[PDB]
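Mapped onto the deposited numbering, the consecutive letters of the sequence shown carry residue numbers 3 to 46, 54 to 115, 128 to 229, 239 to 408, 412 to 462, 469 to 487, 504 to 519, 526 to 608, 621 to 627, 641 to 775, 781 to 983, 1038 to 1052, 1091 to 1240. Heads up, the thing below is written out as structure tokens.
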Amino acid sequence: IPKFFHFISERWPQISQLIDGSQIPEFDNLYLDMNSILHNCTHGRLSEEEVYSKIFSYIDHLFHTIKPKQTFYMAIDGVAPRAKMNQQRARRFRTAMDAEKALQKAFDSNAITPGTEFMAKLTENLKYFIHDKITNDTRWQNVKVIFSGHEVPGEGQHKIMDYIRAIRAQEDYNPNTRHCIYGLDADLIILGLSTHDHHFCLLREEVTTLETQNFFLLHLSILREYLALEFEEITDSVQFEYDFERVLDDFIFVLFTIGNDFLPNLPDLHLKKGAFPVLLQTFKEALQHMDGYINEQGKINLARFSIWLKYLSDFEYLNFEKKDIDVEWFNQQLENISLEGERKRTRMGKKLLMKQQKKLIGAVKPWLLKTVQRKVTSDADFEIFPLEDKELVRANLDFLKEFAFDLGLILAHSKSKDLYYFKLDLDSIXXXXXXXXXXXXXXXXXXXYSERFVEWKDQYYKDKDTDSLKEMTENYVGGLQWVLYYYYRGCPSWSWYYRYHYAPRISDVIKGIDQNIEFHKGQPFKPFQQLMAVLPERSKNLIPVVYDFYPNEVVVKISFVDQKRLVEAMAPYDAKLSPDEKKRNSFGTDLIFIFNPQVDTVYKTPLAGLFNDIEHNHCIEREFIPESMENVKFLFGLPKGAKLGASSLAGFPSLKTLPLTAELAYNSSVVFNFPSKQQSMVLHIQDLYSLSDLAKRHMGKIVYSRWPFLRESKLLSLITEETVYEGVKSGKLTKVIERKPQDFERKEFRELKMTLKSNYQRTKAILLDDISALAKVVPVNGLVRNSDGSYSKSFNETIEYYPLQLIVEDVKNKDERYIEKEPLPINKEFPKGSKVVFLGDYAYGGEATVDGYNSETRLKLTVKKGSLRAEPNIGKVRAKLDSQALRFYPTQXXXXXXXXXXXXXXXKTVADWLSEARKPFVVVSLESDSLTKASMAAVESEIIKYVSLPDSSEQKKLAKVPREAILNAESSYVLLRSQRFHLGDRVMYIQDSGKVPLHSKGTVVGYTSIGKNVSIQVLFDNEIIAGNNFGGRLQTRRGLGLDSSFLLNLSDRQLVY
């Protein structure tokens, strides 16, 4: 849907988190919607090795970003239902055209379709990679890997949905399963929402090399929390039981009604112009004038939906009777609509009042006229008229009392106020047949589209007064229903489709609701038939060469295939296929891949270049995956005992942790590049209320900063205008010192508070009180081993400041990866057979095996020295060459700078001359440099020859080794990160998982610190299937940026002996 991400992002400004090497949550399941990857990896012809090198690198990259713990699910599109073949076929035709049209005059992407020759190879390759991965990557060894390849019918997107639905449906489903779906499509956000699983993210890539690309977690937990805020505003007004999850479901129907892949878009919605607030507003008002929800678990209530339609119809109509449409116009439409709903609801209320008012006089009349039929003499000699809705009596006392006054009555009650009634005002009195006339008079008193429009709409249909419009219409309405069922319940039909290229006018969809809609499940095309129903006589050569409906000319008004005509026109040629084509023209099953150490088989590569066979270290099997359905219903909405809000698993955000107040407003929020012109959910934060015992309680303790995304951070001081509260480790107990601020502190504090409050307004639509104190904190960046074998919380050296009001003291669910642990005995901490990294001079970085223990403090190992040849030399040499070749000076700035300031002055010149000079950009963070492009290459050439000199390995039984000559690279990210690296330094990949084979050496060609996290750019000795040429700077895939935590530095040996 056209601005959907953009609009959602600005309106609800905290939904998505940049992945930047800081800790992200843990996930149980990762699902890949892979089709975009294949496309993206087969453009920028390049070779099969290069192509699959990219794809494996991508899947593998995403796999390591999340680190799923239970299930990793990969999906490729199989054969789609017919609802999609027209667009499949439109797309496909446009690709062969544009290829011929462009490129050719002024690889066939269309191969990526099921049944194709390319795709049979793809599955063969992909299997190999999964097998290579499960064998060698330890991370890939404790998850179910499930492959649903193109051999199985259905969209990846949909096949994923059908898995999630099948597992959540069980009666042992983990209620708080953490889900993550990768994919470019903004729709996944909606399917995501459709699942009603609170703990759910989307892995996305930016929308303004692989290791330098930006990815995001879009967090459905905070999105929901925002959505709740969006719709709570009612609760009190709707005429049924308010339920957020049901509101959400209707909001989802609305979103599909606005855009989805199958039906074509309703005309003139005006999204890229600001209608979105309005459309939404439409739904908000509609939900208040209905008897229940539009969406019964994906079944649509047409009667209800038409109440919504009416608003959509007025929308269409009002906007036709406008000139241009811009934001200015939709902002004032938004207002009018809100004001109408208010007025409408106030009248509804007046009407309800009058009705009550009439029943009341209507019931009083008879009893009053009988009562006044008796002339007074000389109280219990009359009937009392009880009133029963005390709550409604109470809201109406001036009226009741005036009514009582007028009719000659008292409104009485009881001491306990549990009973109200009327009674004759007897204590207030002959031809008083004028009382009976006064009574009767008082009783009497209370008893008191356009036509240019139609034509303009007619001139639309003609262009692309009947009952074949009832037919279009009903096709569309049927569509909506097919779309919802598709998403909430499963494909309801392999054969249904929308038979038109265009949508009806909004104010006509009405004509289409007068139907009763069912579907017939059907069955999917065989691959080859789908191959024919899609694909032009311009990429004919992907179809088994053996085979109108196929223009060379064609909003793509491509004709709709006649299915019946087709299955038949092919069946002649049916019996003539190979055995491979009869293979390709059938269906597969999902496959499941397991790790098994007692498997030891040879796996032959279907690939050249850098790939080889998976040897005596091959350890996977494939199998058919089942599912195990039964007499099981789907579960719709949250599972029983699902944690939400402040009780969410660690890592997932929540707004519920602070106390606050939310309000839609025009906050000019700046989530992207320019300030939004629409309302945001502005968050007004409430201060929590001493400040001295606060410091005393939390100083040097464990606090939670970064509100939204609560995180473990130690409290360092508590700045204030006039007082600093500091923490000093007294040894055991850290204590609080209170003092006046130094001038720069008092400067910073004023400059900081002003900067925070406005960044929180501008960037996140958080309106802060106004800054009382300021917690200064450092966040937990892992665990770290002490001398005594225990492990404790490590902290990032970089100071962060947070207003105190955003500081949370504690949280139900604490991040397990940061539970501090007690010491362990040798045999448990380095179990016999465990593989470890040898420190110590014999093989710094050698593969070690724990054989036994010599004491309970010393152990014995086998150390493989991987190489008996000196480390190569060039990196170091060239690092000194560059530094001697490019000298720096203090102001009182590089020799190249001197030559630019000498060129500019000698020309007196300007200005563009200067913009012209600025072309070769050397723009990067402060601690981060590089080898000169020349040096890079020199290092490459010198390596290529080094890595081909004869060389051998060597093992050695070792004994009496103390525990600190060995480490577990697994669980030493922090130590490893604590190492200096310099240009030229020799290095080794030390981790048992990731994109480099264990123990590979390389040379540091340049470092890159994104503030706190350092990324080392390694030129590797061997080529790396996961590498790149650092953008042409190299001639082979020897290059990789990587996190220090992956690397043992061999030149500047900082963990030896």
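C-beta atoms are modelled at their ideal positions from N, C-alpha and C, and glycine is treated no differently.
Under 8 Å between C-beta atoms of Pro-870 and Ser-796: Their beta carbons are under 8 Å apart, which means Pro-870 touches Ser-796 by this criterion.
Beta-carbon contacts of residue 230 that lie in its chain and below 8 Å, excluding the five residues immediately before and after:
It's not possible to place residue 230 here, given that the chain moves directly from 229 to 239.
* **Terminal residues of the beta strand (DSSP E) in which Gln-96 lies** => From DSSP, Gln-96 is part of no beta strand (DSSP E) but of the alpha helix (DSSP H) over 91-108.
Problem - Reduced DSSP secondary structure (H/G/I, E/B, other) of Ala-1142 - result: strand
### Query
With a Cβ-Cβ cutoff of 8 Å, do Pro-832 and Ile-862 count as a contact?
Against a cut-off of 8 Å, the Cβ pair of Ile-862 and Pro-832 comes out as no contact.
Margin query: What does the Cβ neighbour count give for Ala-864, buried or exposed, with the cut at 16 atoms within 10 Å?
Written below: buried
Test item: CB-CB of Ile-1199 and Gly-23 under 8 Å:
no
Quiz item: How about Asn-577 and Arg-560: do their beta carbons lie closer than 8 Å?
Solution: no
Beta-carbon contacts of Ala-258 that lie in its chain and below 7 Å, excluding the five residues immediately before and after:
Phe-274
Task: Identity of the residues DSSP links to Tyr-882 by a beta bridge - done: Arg-876 and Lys-912
Just checking my contact of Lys-1178 with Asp-30 at CB under 8 Å: how many whole Å lie between their CB atoms?
About 23 Å; that fails the 8 Å criterion.
Does the contact criterion of 3 or more C-beta pairs under 8 Å hold for the segment 878-891 versus the segment 909-916? yes
- Query: What are the residues that DSSP puts in a beta bridge with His-770?
  - Reply: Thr-747 and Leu-858
Practice problem: Could you tell me the boundaries of the beta strand (DSSP E) in which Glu-707 lies? | Solution: 706-710
Notebook entry, point to check: With burial defined as no fewer than 16 other Cβ atoms inside 10 Å of the residue's Cβ, what is the status of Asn-366: buried or exposed?
Noted result: With fewer than 16 neighbouring CB atoms inside 10 Å of its own CB, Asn-366 falls in the exposed class.
According to DSSP, is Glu-226 part of a helix, a strand, or is it coil?
strand
Fill in: Cut-off 8 Å between Cβ atoms - residues of its own chain near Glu-900, not counting five sequence neighbours on either side
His-789, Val-794 and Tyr-795
Buried or exposed by the 16-neighbour rule on C-beta atoms within 10 Å, applied to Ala-92: buried
In the DSSP assignment, the alpha helix (DSSP H) including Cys-43 goes from what residue to what residue? Start and end: 37-44.
_Contacts around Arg-186, its chain only, beta-carbon distance under 7 Å, and the 5 residues preceding and following it disregarded_ = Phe-720
Q) If you draw a straight line from the alpha carbon of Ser-251 to that of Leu-735, how long is it in whole angstroms? A) 11 Å
**Message:** According to DSSP, simplified to helix, strand and coil, what is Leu-950?
**Reply:** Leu-950: strand per DSSP, three-state reduction.
Buried or exposed (CB count within 10 angstroms, at least 16 for buried), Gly-1215: So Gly-1215 ends up on the exposed side.
Using a threshold of 8 Å, state whether the C-beta atoms of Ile-771 and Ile-711 are closer than that.
no
Mapping DSSP to helix, strand and coil, what is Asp-942? strand
If I'm right that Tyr-1240 touches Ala-1148 with Cβ under 8 Å, what's the distance once you round it to whole angstroms?
7 Å
Taking DSSP as the reference, what is the three-state secondary structure of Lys-805?
Reduced to three states, the DSSP call for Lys-805 is strand.
| said: Does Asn-1232 come out as helix, strand or coil in the three-state DSSP assignment? | reply: strand
key: Burial state of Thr-44, where buried means 16 or more other Cβ atoms lie within 10 Å   = buried
Q | Classification of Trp-557 by the beta-carbon crowding that lies within 10 angstroms, buried from 16 upward | A | buried
Residue range of the alpha helix (DSSP H) that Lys-314 falls in?
305-316
- Kindly list the residues whose CB is nearer than 7 Å to the CB of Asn-131, restricted to its own chain and excluding five residues on each side of it in sequence; keep chain order. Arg-101, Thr-104, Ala-105, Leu-596, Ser-600 and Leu-603
*With 16 other CB atoms within 10 Å as the buried threshold, where does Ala-1094 fall?*
exposed
* Opposing strand residues paired with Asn-31 [DSSP bridges] -> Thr-80 and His-200
Any idea if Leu-143 is buried or exposed, counting beta-carbon neighbours within 10 angstroms, 16 or more meaning buried? buried
Discussion item. Beta-carbon within less than 6 Å of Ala-1152's beta-carbon, same chain only, minus the 5 sequence neighbours each way: which residues are those?
Written reply: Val-928, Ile-1173 and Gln-1174
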